[PDB]
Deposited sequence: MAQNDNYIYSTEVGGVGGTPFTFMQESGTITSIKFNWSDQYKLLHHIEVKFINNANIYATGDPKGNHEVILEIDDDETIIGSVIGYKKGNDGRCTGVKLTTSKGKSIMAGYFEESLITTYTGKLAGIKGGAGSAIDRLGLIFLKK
């Protein structure tokens, strides 16, 4: 497994969810321009692993075929100890793509391959998010 850089702040409760992700969901707000909540289903598992309070007015879901990889990954975030995740654009190997939240401060173009989990911290909002892939 390959662990992307966790970006955003140091706040909120630790989460680590790690089969392959076969669905992912991003709750976000216009009022605060933050990611607030994430859920993640796995490949042969009905269980929904979730984190942070879904207090936001939009959500998007990306379903992901068994053979489909992420080729284009970007997380928007505010940098610093006092930080937060603000947005995410993902693009797959089949042209599928999702845009969530805002990109007004800092960015990371992450590592690419088959998305295998996420890790970070979450409270009111998503304090910190880093992706995980295969080789």
### Task
Pop the missing stretches of the deposited sequence into a list, counting residues from 1 and keeping sequence order.
1 to 6, 25 to 27, 145
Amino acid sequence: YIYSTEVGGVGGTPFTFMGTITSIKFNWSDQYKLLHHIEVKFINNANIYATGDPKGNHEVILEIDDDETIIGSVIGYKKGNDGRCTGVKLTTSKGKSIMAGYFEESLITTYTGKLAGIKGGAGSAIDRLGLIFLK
From here on, numbers count along this sequence of modelled residues.
#### Entry: Entry-level comparison of average CA B-factors, 88 to 96 and 75 to 83, reporting the higher stretch
75 to 83
## Note on the structure
Higher of the two mean Cα B-factors (60 to 68, 29 to 37; per PDB record) comes from 29 to 37
### Query
Taking the entry's C-alpha B-factors for this chain, is residue 125 in the lowest, middle or highest third?
highest
## Note on the structure
residue 45: CA B-factor among chain residues, third -> middle
### Query
In terms of the CA temperature factor given in the entry, to which third of its chain does residue 20 belong: lowest, middle or highest?
middle
### residue 113 - Cα temperature factor, lowest/middle/highest third of chain
highest
### Query
Where does residue 12 sit by CA temperature factor within its chain: lowest, middle or highest third?
lowest
